[PDB]
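First comes the structure, then the notes that go with it.
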Amino acid sequence: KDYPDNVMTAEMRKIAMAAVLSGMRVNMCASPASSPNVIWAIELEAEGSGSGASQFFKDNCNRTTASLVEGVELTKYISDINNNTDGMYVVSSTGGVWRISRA
Amino acid sequence: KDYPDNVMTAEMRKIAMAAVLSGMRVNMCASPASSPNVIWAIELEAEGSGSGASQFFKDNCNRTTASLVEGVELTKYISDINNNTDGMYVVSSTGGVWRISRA
Amino acid sequence: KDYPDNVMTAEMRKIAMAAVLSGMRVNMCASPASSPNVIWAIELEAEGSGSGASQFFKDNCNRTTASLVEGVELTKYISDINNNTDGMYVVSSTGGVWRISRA
Amino acid sequence: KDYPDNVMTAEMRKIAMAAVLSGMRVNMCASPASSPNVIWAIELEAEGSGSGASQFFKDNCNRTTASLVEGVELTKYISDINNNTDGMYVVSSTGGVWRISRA
Amino acid sequence: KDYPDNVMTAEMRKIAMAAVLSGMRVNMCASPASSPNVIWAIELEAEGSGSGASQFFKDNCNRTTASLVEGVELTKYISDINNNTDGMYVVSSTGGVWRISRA
């Protein structure tokens, strides 16, 4: 709930929901230290076909414990206020689940 | 009022509103036998021909006393400030009414 | 000034701006007690061949001094900070002026 | 900085953005006592249907020192944080430039 | 974190967002040397009337030690909560990479 990460993770949900409504692809930097894999960096794309992740975005995720996913389609955006499942989530066309971070 | 359910409950509104404006359905995990019922969990879907609701959303509504409703068109969005009717409500194409939980 | 009403009025405004840009009409629970009439509740419809306000929206309204006004086509949307028109105002295609409450 | 005027100036930035992403013309109440003329009130006009500010929007301005501007196109939205040019700005098709008040 | 540069930089986030979902182009007053290149002023432009920056926009950028960039088509929108890479970023069709100021 602290500056500056509240605004970043806020854009995340904006990117999240924008992906789901517009159909636009994303790239994620997603920690495998949790199931679902919490997302750490998300990159909404408009253009660049098979050529997904920007070089910039790649360079900041190999440095990282996280993995990296390109050209994902986000067809479901989820919110849950039960406690044992509290938190944002995004699902792919391929039925893969990610938690969105929170800060 | 408080963080973090100020996040997911504002996300519930942003999800509700998207669906009412866009036409895209939602799947809820909602109270069943009340007026209004209350959503404990929503998912905003687009394409999604491998599942009405994603299995991530199904399973998590099987860990709850509440019940899973899926494929629902919402066609109205109510913001209300009178005394004992203050809150957020959505209506479905077929008359169902929910409250959008606040916190 | 304060929660939760801040969340509602905010939504009132989103609904306001939403009806202007899309055509989608609204139903209002309106105070003739001021001029222009202050908006106490707004329903936002996508729906169909309208029938009209949702029964839930009418029941809350008729428990109040407010007059119901239904299926209005909002064409103008104002923000004004002149020291006597200090507030928000939607304008219906019929001339009608409605303040958007604040809290 | 403070309530409720933050809300209206906030709308302006949302009304401004709505105007440019949309080209629905606007109506302005602006004070030439500055340059760019600072935006004291704006009206987002949709099914204006041959253009024309609302009698209500007009009246509010004629009673103030500002000056009414009608039928105008917004094509550029500017955010700037340069030390001598901190502020928000909108530009028309006729090259005209207005400043958006801050709150 | 303070007033009034968060209002602005937030509106930089929205312009940046908007140009990415809509294909609109922006012109940018940013630092000259920088990798990534931090944004000091962004202008969202529907058109195209006159291609390129607005005269207003130009003159606030010549006065500063900053680069004017004109008609950049943004392609990626990176919300990053990275440890070495925290903040928000956009990417241009040319693989240019701009940090969006925070405040």
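Quick note on naming: the chains in the structure tokens go A, B, ... in the order shown, residues restart at 1 in each chain, and ligands are numbered from 1 in order of appearance.
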Inset, instruction - When you get a sec, could you note down which chain A residues fall within 9 Å of chain B, using only C-alpha atoms, as a list in words? - result: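 Written out as asked, the residues are residues 1, 13, 17, 20, 21, 23, 74, 75, 76, 77, 78, 79, 80, 81, 82, 84, 85, 86, 87, 88, 89, 91, 93, 94, 95, 96, 97, 102 and 103 of chain A.
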Can those selected residues be exported to a file as a tab-separated table (two decimals), in the first residue's frame so that it contains N, CA, C and O atoms?
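again_8.tsv, freshly written:
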chain	number	residue	atom	x	y	z
A	1	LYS	N	0.83	-1.20	0.00
A	1	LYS	CA	0.00	0.00	0.00
A	1	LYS	C	0.87	1.26	0.00
A	1	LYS	O	0.40	2.37	0.26
A	13	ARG	N	-3.40	-3.74	-13.00
A	13	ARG	CA	-4.80	-4.07	-13.15
A	13	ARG	C	-5.39	-3.34	-14.36
A	13	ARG	O	-6.19	-3.93	-15.11
A	17	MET	N	-7.03	-5.50	-17.12
A	17	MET	CA	-8.36	-5.37	-17.69
A	17	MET	C	-8.32	-4.92	-19.15
A	17	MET	O	-9.18	-5.31	-19.95
A	20	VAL	N	-8.00	-7.85	-21.36
A	20	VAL	CA	-9.16	-8.75	-21.37
A	20	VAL	C	-10.29	-8.19	-22.21
A	20	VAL	O	-11.01	-8.95	-22.86
A	21	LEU	N	-10.46	-6.87	-22.22
A	21	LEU	CA	-11.50	-6.24	-23.02
A	21	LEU	C	-11.07	-6.08	-24.46
A	21	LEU	O	-11.83	-6.38	-25.38
A	23	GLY	N	-8.57	-7.58	-26.05
A	23	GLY	CA	-7.94	-8.74	-26.66
A	23	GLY	C	-6.45	-8.62	-26.89
A	23	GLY	O	-5.85	-9.51	-27.50
A	74	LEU	N	-5.29	-12.77	-22.89
A	74	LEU	CA	-5.94	-12.73	-21.59
A	74	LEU	C	-7.45	-12.63	-21.79
A	74	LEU	O	-7.97	-11.57	-22.10
A	75	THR	N	-8.13	-13.75	-21.58
A	75	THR	CA	-9.56	-13.89	-21.83
A	75	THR	C	-10.43	-13.85	-20.57
A	75	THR	O	-11.65	-13.74	-20.70
A	76	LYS	N	-9.84	-13.92	-19.38
A	76	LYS	CA	-10.58	-13.80	-18.14
A	76	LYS	C	-9.83	-12.91	-17.15
A	76	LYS	O	-8.62	-13.06	-16.97
A	77	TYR	N	-10.57	-12.01	-16.51
A	77	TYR	CA	-10.07	-11.18	-15.43
A	77	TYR	C	-10.90	-11.48	-14.18
A	77	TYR	O	-12.13	-11.43	-14.24
A	78	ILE	N	-10.25	-11.81	-13.07
A	78	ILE	CA	-10.96	-12.31	-11.90
A	78	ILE	C	-10.66	-11.44	-10.68
A	78	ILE	O	-9.55	-10.92	-10.53
A	79	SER	N	-11.66	-11.28	-9.82
A	79	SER	CA	-11.50	-10.72	-8.49
A	79	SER	C	-12.25	-11.60	-7.50
A	79	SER	O	-13.36	-12.05	-7.79
A	80	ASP	N	-11.65	-11.85	-6.34
A	80	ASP	CA	-12.24	-12.72	-5.31
A	80	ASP	C	-11.99	-12.15	-3.92
A	80	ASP	O	-10.83	-11.96	-3.52
A	81	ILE	N	-13.06	-11.93	-3.16
A	81	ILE	CA	-12.93	-11.36	-1.82
A	81	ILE	C	-13.16	-12.37	-0.71
A	81	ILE	O	-13.08	-11.99	0.46
A	82	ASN	N	-13.41	-13.64	-1.03
A	82	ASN	CA	-13.10	-14.64	-0.02
A	82	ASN	C	-11.63	-14.55	0.33
A	82	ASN	O	-10.80	-14.15	-0.49
A	84	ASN	N	-9.44	-17.11	1.56
A	84	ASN	CA	-8.54	-18.18	1.17
A	84	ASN	C	-8.25	-18.12	-0.30
A	84	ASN	O	-7.43	-18.91	-0.79
A	85	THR	N	-8.91	-17.19	-0.99
A	85	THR	CA	-8.63	-16.94	-2.39
A	85	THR	C	-8.54	-15.45	-2.71
A	85	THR	O	-8.45	-15.10	-3.89
A	86	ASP	N	-8.53	-14.58	-1.69
A	86	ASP	CA	-8.37	-13.13	-1.83
A	86	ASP	C	-7.33	-12.75	-2.88
A	86	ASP	O	-6.21	-13.28	-2.88
A	87	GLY	N	-7.69	-11.82	-3.77
A	87	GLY	CA	-6.73	-11.34	-4.74
A	87	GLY	C	-7.14	-11.37	-6.20
A	87	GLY	O	-8.03	-12.14	-6.60
A	88	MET	N	-6.50	-10.52	-7.00
A	88	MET	CA	-6.70	-10.46	-8.44
A	88	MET	C	-6.09	-11.68	-9.12
A	88	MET	O	-5.13	-12.28	-8.63
A	89	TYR	N	-6.62	-12.00	-10.29
A	89	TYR	CA	-6.13	-13.12	-11.08
A	89	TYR	C	-6.39	-12.83	-12.54
A	89	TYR	O	-7.34	-12.11	-12.87
A	91	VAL	N	-6.42	-15.09	-16.39
A	91	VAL	CA	-6.37	-16.42	-17.00
A	91	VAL	C	-6.15	-16.23	-18.49
A	91	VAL	O	-6.64	-15.27	-19.09
A	93	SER	N	-6.10	-17.72	-22.60
A	93	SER	CA	-6.89	-18.60	-23.45
A	93	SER	C	-6.54	-20.06	-23.19
A	93	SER	O	-7.42	-20.92	-23.15
A	94	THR	N	-5.25	-20.34	-22.96
A	94	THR	CA	-4.78	-21.68	-22.62
A	94	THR	C	-5.11	-22.11	-21.19
A	94	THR	O	-4.55	-23.08	-20.70
A	95	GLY	N	-6.00	-21.39	-20.51
A	95	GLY	CA	-6.37	-21.75	-19.14
A	95	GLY	C	-5.22	-21.74	-18.15
A	95	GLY	O	-5.15	-22.64	-17.30
A	96	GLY	N	-4.32	-20.77	-18.24
A	96	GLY	CA	-3.29	-20.56	-17.23
A	96	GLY	C	-3.60	-19.38	-16.31
A	96	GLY	O	-4.08	-18.34	-16.75
A	97	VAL	N	-3.30	-19.56	-15.03
A	97	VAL	CA	-3.76	-18.65	-13.99
A	97	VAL	C	-2.59	-17.89	-13.39
A	97	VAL	O	-1.57	-18.49	-13.02
A	102	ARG	N	0.21	-7.13	-5.25
A	102	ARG	CA	-0.56	-6.14	-4.50
A	102	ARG	C	0.36	-5.31	-3.60
A	102	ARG	O	1.03	-5.84	-2.72
A	103	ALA	N	0.35	-3.99	-3.82
A	103	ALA	CA	1.22	-3.09	-3.06
A	103	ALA	C	0.72	-1.64	-3.11
A	103	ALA	O	-0.43	-1.37	-3.48
Inset, instruction - Run DSSP on the backbone and give me the residues of chain B it puts in helix (DSSP H, G or I), as a PyMOL selection string. - result: chain B and resi 5-22+55-61+83-85
Put chain E on top of chain C with a least-squares fit on all C-alpha atoms, paired in order, and send it back as an mmCIF file with C-alpha atoms, in the first residue's frame.
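File produced: superposed_11.cif:
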data_model
loop_
_atom_site.group_PDB
_atom_site.id
_atom_site.type_symbol
_atom_site.label_atom_id
_atom_site.label_comp_id
_atom_site.auth_asym_id
_atom_site.auth_seq_id
_atom_site.Cartn_x
_atom_site.Cartn_y
_atom_site.Cartn_z
ATOM 1 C CA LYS E 1 -15.412 14.099 1.031
ATOM 2 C CA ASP E 2 -15.862 10.984 3.159
ATOM 3 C CA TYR E 3 -16.529 7.151 2.900
ATOM 4 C CA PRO E 4 -18.610 5.528 1.451
ATOM 5 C CA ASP E 5 -20.551 8.273 -0.457
ATOM 6 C CA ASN E 6 -17.552 9.433 -2.543
ATOM 7 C CA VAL E 7 -17.248 5.918 -4.003
ATOM 8 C CA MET E 8 -20.902 6.169 -4.988
ATOM 9 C CA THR E 9 -20.986 9.746 -6.277
ATOM 10 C CA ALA E 10 -17.802 9.043 -8.223
ATOM 11 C CA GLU E 11 -19.558 6.090 -9.801
ATOM 12 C CA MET E 12 -22.400 8.507 -10.519
ATOM 13 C CA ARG E 13 -19.851 10.608 -12.433
ATOM 14 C CA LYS E 14 -18.809 7.579 -14.465
ATOM 15 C CA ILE E 15 -22.351 6.440 -15.304
ATOM 16 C CA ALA E 16 -23.147 10.024 -16.289
ATOM 17 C CA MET E 17 -20.023 10.227 -18.444
ATOM 18 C CA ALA E 18 -20.646 6.823 -20.000
ATOM 19 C CA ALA E 19 -24.203 7.567 -21.050
ATOM 20 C CA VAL E 20 -22.995 10.756 -22.749
ATOM 21 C CA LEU E 21 -20.325 9.145 -24.958
ATOM 22 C CA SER E 22 -22.425 6.061 -25.783
ATOM 23 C CA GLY E 23 -25.947 7.380 -26.200
ATOM 24 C CA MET E 24 -27.136 5.030 -23.477
ATOM 25 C CA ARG E 25 -30.047 6.189 -21.401
ATOM 26 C CA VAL E 26 -30.247 6.479 -17.643
ATOM 27 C CA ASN E 27 -33.086 6.503 -15.169
ATOM 28 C CA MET E 28 -32.726 8.813 -12.207
ATOM 29 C CA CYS E 29 -34.020 9.164 -8.678
ATOM 30 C CA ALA E 30 -33.453 12.846 -7.961
ATOM 31 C CA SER E 31 -34.977 15.610 -5.886
ATOM 32 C CA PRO E 32 -38.412 16.760 -7.104
ATOM 33 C CA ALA E 33 -38.255 20.524 -6.672
ATOM 34 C CA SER E 34 -34.777 21.838 -7.531
ATOM 35 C CA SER E 35 -33.267 23.878 -10.287
ATOM 36 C CA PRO E 36 -30.892 22.251 -11.069
ATOM 37 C CA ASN E 37 -32.289 18.958 -9.865
ATOM 38 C CA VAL E 38 -29.793 17.086 -7.715
ATOM 39 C CA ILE E 39 -29.223 13.364 -8.437
ATOM 40 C CA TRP E 40 -29.904 10.823 -5.684
ATOM 41 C CA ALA E 41 -29.693 7.618 -7.749
ATOM 42 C CA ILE E 42 -28.712 6.914 -11.341
ATOM 43 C CA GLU E 43 -29.019 3.650 -13.263
ATOM 44 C CA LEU E 44 -27.207 3.106 -16.552
ATOM 45 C CA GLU E 45 -29.149 0.907 -18.944
ATOM 46 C CA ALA E 46 -27.908 -0.771 -22.089
ATOM 47 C CA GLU E 47 -31.489 -1.747 -23.027
ATOM 48 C CA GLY E 48 -34.366 -1.680 -23.580
ATOM 49 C CA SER E 49 -35.311 -5.303 -23.229
ATOM 50 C CA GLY E 50 -37.918 -3.755 -21.075
ATOM 51 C CA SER E 51 -37.728 -0.079 -21.735
ATOM 52 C CA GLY E 52 -37.562 1.869 -18.477
ATOM 53 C CA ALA E 53 -36.297 1.567 -14.947
ATOM 54 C CA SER E 54 -35.557 -1.747 -13.267
ATOM 55 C CA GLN E 55 -38.018 -3.010 -10.695
ATOM 56 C CA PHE E 56 -35.323 -2.818 -8.061
ATOM 57 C CA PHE E 57 -34.554 0.771 -9.059
ATOM 58 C CA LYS E 58 -38.244 1.695 -8.907
ATOM 59 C CA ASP E 59 -38.871 0.581 -5.333
ATOM 60 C CA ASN E 60 -35.958 2.434 -3.786
ATOM 61 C CA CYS E 61 -37.359 5.590 -5.416
ATOM 62 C CA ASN E 62 -41.016 5.305 -4.388
ATOM 63 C CA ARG E 63 -39.951 5.087 -0.737
ATOM 64 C CA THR E 64 -38.258 8.525 -0.811
ATOM 65 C CA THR E 65 -39.364 12.130 -1.353
ATOM 66 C CA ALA E 66 -37.714 11.825 -4.762
ATOM 67 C CA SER E 67 -38.691 11.843 -8.410
ATOM 68 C CA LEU E 68 -38.199 8.787 -10.593
ATOM 69 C CA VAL E 69 -37.134 9.809 -14.115
ATOM 70 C CA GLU E 70 -36.869 7.046 -16.691
ATOM 71 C CA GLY E 71 -35.060 6.751 -19.972
ATOM 72 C CA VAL E 72 -33.412 10.189 -19.904
ATOM 73 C CA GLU E 73 -30.917 10.560 -22.797
ATOM 74 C CA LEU E 74 -28.084 12.743 -21.509
ATOM 75 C CA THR E 75 -26.593 15.250 -23.914
ATOM 76 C CA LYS E 76 -24.127 17.568 -22.107
ATOM 77 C CA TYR E 77 -21.519 16.812 -19.439
ATOM 78 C CA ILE E 78 -20.521 19.953 -17.536
ATOM 79 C CA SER E 79 -17.492 19.921 -15.279
ATOM 80 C CA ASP E 80 -17.568 23.351 -13.740
ATOM 81 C CA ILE E 81 -15.181 24.926 -11.316
ATOM 82 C CA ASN E 82 -17.415 28.015 -11.163
ATOM 83 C CA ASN E 83 -17.515 30.272 -8.113
ATOM 84 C CA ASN E 84 -21.307 30.472 -8.117
ATOM 85 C CA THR E 85 -21.455 27.148 -10.016
ATOM 86 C CA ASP E 86 -19.002 24.573 -8.612
ATOM 87 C CA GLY E 87 -19.577 20.845 -9.099
ATOM 88 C CA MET E 88 -20.468 18.531 -11.967
ATOM 89 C CA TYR E 89 -23.642 18.510 -14.059
ATOM 90 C CA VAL E 90 -25.372 16.670 -16.895
ATOM 91 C CA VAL E 91 -28.070 17.929 -19.278
ATOM 92 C CA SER E 92 -30.856 15.893 -20.880
ATOM 93 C CA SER E 93 -32.198 16.190 -24.411
ATOM 94 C CA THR E 94 -35.129 18.127 -22.850
ATOM 95 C CA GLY E 95 -32.813 20.791 -21.438
ATOM 96 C CA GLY E 96 -33.268 19.328 -17.978
ATOM 97 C CA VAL E 97 -30.341 20.126 -15.721
ATOM 98 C CA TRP E 98 -29.188 17.826 -12.904
ATOM 99 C CA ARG E 99 -26.538 18.459 -10.287
ATOM 100 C CA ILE E 100 -24.532 15.362 -9.462
ATOM 101 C CA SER E 101 -24.121 15.008 -5.699
ATOM 102 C CA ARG E 102 -20.679 15.395 -4.250
ATOM 103 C CA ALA E 103 -19.197 13.610 -1.229
#
Inset, instruction - Please report, as an MDAnalysis selection string, each residue of chain C to which DSSP assigns strand (DSSP E or B) when run on this structure's backbone. - result: chainID C and resid 26:31 37:45 67:72 74:80 87:92 97:100
Output N, CA and C atoms for every residue in the selection just made, as a CSV table (one decimal), in the first residue's frame.
chain,number,residue,atom,x,y,z
C,26,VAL,N,-30.2,6.7,-19.1
C,26,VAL,CA,-30.2,6.5,-17.6
C,26,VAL,C,-31.6,6.7,-17.1
C,27,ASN,N,-31.8,6.2,-15.8
C,27,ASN,CA,-33.0,6.6,-15.0
C,27,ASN,C,-32.4,7.3,-13.7
C,28,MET,N,-33.1,8.3,-13.3
C,28,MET,CA,-32.6,9.1,-12.1
C,28,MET,C,-33.6,9.1,-11.0
C,29,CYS,N,-33.1,9.1,-9.8
C,29,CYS,CA,-33.9,9.3,-8.6
C,29,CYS,C,-33.5,10.8,-8.2
C,30,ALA,N,-34.4,11.7,-8.4
C,30,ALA,CA,-34.0,13.1,-8.5
C,30,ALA,C,-34.7,14.0,-7.5
C,31,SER,N,-34.0,14.9,-6.9
C,31,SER,CA,-34.5,15.9,-6.0
C,31,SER,C,-35.1,17.1,-6.8
C,37,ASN,N,-32.3,19.9,-10.4
C,37,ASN,CA,-32.5,18.8,-9.5
C,37,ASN,C,-31.3,18.0,-9.2
C,38,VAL,N,-31.0,17.8,-7.9
C,38,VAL,CA,-29.9,17.0,-7.5
C,38,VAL,C,-30.1,15.5,-7.8
C,39,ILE,N,-29.2,14.8,-8.3
C,39,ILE,CA,-29.3,13.4,-8.6
C,39,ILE,C,-29.0,12.6,-7.3
C,40,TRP,N,-30.0,11.8,-6.9
C,40,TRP,CA,-29.8,10.9,-5.7
C,40,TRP,C,-29.5,9.5,-6.1
C,41,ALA,N,-30.0,9.0,-7.3
C,41,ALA,CA,-29.6,7.7,-7.7
C,41,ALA,C,-29.7,7.7,-9.2
C,42,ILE,N,-28.8,6.9,-9.8
C,42,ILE,CA,-28.8,6.8,-11.3
C,42,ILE,C,-28.6,5.3,-11.6
C,43,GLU,N,-29.5,4.8,-12.4
C,43,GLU,CA,-29.4,3.5,-13.1
C,43,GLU,C,-28.9,3.7,-14.5
C,44,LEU,N,-28.0,2.8,-15.0
C,44,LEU,CA,-27.5,2.9,-16.3
C,44,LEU,C,-27.9,1.7,-17.1
C,45,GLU,N,-28.6,1.9,-18.2
C,45,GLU,CA,-29.2,0.7,-18.9
C,45,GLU,C,-28.5,0.5,-20.2
C,67,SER,N,-38.4,12.4,-7.1
C,67,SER,CA,-39.2,12.0,-8.3
C,67,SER,C,-38.3,11.0,-9.2
C,68,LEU,N,-39.0,10.1,-9.8
C,68,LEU,CA,-38.4,9.2,-10.7
C,68,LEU,C,-38.4,9.8,-12.1
C,69,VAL,N,-37.3,9.7,-12.8
C,69,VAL,CA,-37.2,10.1,-14.2
C,69,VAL,C,-36.5,9.0,-15.0
C,70,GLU,N,-37.0,8.6,-16.1
C,70,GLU,CA,-36.7,7.3,-16.7
C,70,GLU,C,-36.4,7.4,-18.2
C,71,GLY,N,-35.4,6.6,-18.6
C,71,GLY,CA,-35.1,6.5,-20.0
C,71,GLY,C,-34.6,7.9,-20.6
C,72,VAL,N,-34.0,8.7,-19.9
C,72,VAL,CA,-33.5,10.0,-20.4
C,72,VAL,C,-32.3,9.8,-21.2
C,74,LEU,N,-28.9,11.4,-22.2
C,74,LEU,CA,-28.0,12.4,-21.7
C,74,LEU,C,-27.2,12.9,-22.9
C,75,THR,N,-27.2,14.2,-23.2
C,75,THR,CA,-26.4,14.6,-24.3
C,75,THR,C,-25.3,15.6,-23.9
C,76,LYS,N,-25.4,16.3,-22.8
C,76,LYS,CA,-24.3,17.2,-22.4
C,76,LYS,C,-23.9,16.8,-21.0
C,77,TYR,N,-22.6,17.0,-20.7
C,77,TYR,CA,-22.0,16.7,-19.5
C,77,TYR,C,-21.0,17.8,-19.1
C,78,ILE,N,-21.2,18.4,-17.9
C,78,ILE,CA,-20.5,19.6,-17.5
C,78,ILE,C,-19.6,19.4,-16.3
C,79,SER,N,-18.4,20.0,-16.3
C,79,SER,CA,-17.7,20.3,-15.1
C,79,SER,C,-17.5,21.9,-15.0
C,80,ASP,N,-17.8,22.5,-13.9
C,80,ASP,CA,-17.9,23.9,-13.7
C,80,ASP,C,-17.4,24.3,-12.3
C,87,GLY,N,-20.1,22.8,-9.5
C,87,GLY,CA,-20.5,21.3,-9.5
C,87,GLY,C,-20.6,20.7,-10.8
C,88,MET,N,-21.2,19.5,-10.8
C,88,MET,CA,-21.3,18.6,-12.0
C,88,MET,C,-22.7,18.6,-12.5
C,89,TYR,N,-22.9,18.5,-13.8
C,89,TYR,CA,-24.2,18.6,-14.4
C,89,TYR,C,-24.3,17.8,-15.7
C,90,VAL,N,-25.3,17.0,-15.7
C,90,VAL,CA,-25.6,16.3,-17.0
C,90,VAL,C,-26.8,17.1,-17.6
C,91,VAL,N,-26.8,17.0,-18.9
C,91,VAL,CA,-27.9,17.7,-19.6
C,91,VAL,C,-28.6,16.7,-20.5
C,92,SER,N,-29.9,16.6,-20.3
C,92,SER,CA,-30.7,15.7,-21.1
C,92,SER,C,-31.1,16.4,-22.5
C,97,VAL,N,-31.6,19.8,-16.7
C,97,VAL,CA,-30.3,20.0,-16.0
C,97,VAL,C,-30.4,19.3,-14.7
C,98,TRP,N,-29.3,18.5,-14.4
C,98,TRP,CA,-29.3,17.7,-13.2
C,98,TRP,C,-27.9,17.8,-12.6
C,99,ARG,N,-27.8,18.4,-11.4
C,99,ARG,CA,-26.5,18.3,-10.6
C,99,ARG,C,-26.2,16.9,-10.3
C,100,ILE,N,-24.9,16.6,-10.2
C,100,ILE,CA,-24.4,15.3,-9.8
C,100,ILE,C,-23.9,15.5,-8.3
